[PDB]
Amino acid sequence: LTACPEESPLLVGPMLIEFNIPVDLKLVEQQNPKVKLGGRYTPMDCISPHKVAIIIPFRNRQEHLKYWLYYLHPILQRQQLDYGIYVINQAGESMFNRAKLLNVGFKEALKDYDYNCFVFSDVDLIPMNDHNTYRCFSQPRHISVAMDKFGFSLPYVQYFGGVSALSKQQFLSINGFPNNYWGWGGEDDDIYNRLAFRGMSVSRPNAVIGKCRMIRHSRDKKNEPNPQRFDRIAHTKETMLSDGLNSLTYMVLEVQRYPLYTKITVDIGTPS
């Protein structure tokens, strides 16, 4: 009945993030009894105003997901969020489409709860400071600001990849994300452009509280660099009216509810 405080008293500041000791989801489930079936958690102490759906683009990244779950469930709880975890699994073996799976995450999370904020997070990024809140702000939020992968530095000011957060309204305003970026690269720069063309800028925690770790990996087969990214990125202004939420089509092959998360396998079609 009491609104949660603008800042959480549970925060711990910087944390140690290492990827050696193998995790046991069963052990993780135990350490997180408040997390309900489907990966939903709501604060009992207070009322949170942040109804957050965390959306994870996914395909053959189960090991990464264990680590992701192991570190984030405790963090998101400390951040007093009313959250749900969604892993949007791309069915099949053709080209990977990150942005398109995120659009799917948005529509599918909405079927469960009236979330007002959306956090799109890659499966392999863990924040190193719980002060980096997974919620929405006055402007779209870029969350994974200082990745170890980039020397704890932002690779470029126009970078919106990794972990981002948009309110429902901010997301709706740009017709969501593009559905035509297959393979790696450029979908995030396209999204970034979308924000500018709609009068929005990017908000970010500073480079200290924004430190993140990305589990080291090689580029996945079927997600090779998209040769067309550079040309697609230059027509965002016009293509964003035709490619996005309004043109999304996919088929749900299966909905899985596990104690720590909801996983949705979908068929999003092929590069055409």
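Numbering starts at 1 and follows the sequence shown.
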*Mean C-alpha B factor from the entry: is it higher for 253 to 261 or for 11 to 19?*
11 to 19
*As stated in the PDB record, which stretch has the larger average Cα B-factor, 51 to 59 or 233 to 241?*
233 to 241
_Test of reading the entry: by CA B factor among the chain's modelled residues, which third contains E93?_
highest
*Compare the C-alpha B factor of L65 with those of the other modelled residues in its chain, then answer lowest, middle or highest third.*
middle
_Quick check for you: using the entry's CA B-factors within this chain, is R216 in the lowest, middle or highest third?_
highest
_Chain third (lowest, middle, highest) by recorded CA B-factor, residue given as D190_ = lowest
*asked:* Is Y113 in the lowest, middle or highest third of its chain when residues are ranked by C-alpha B-factor?
replied: highest
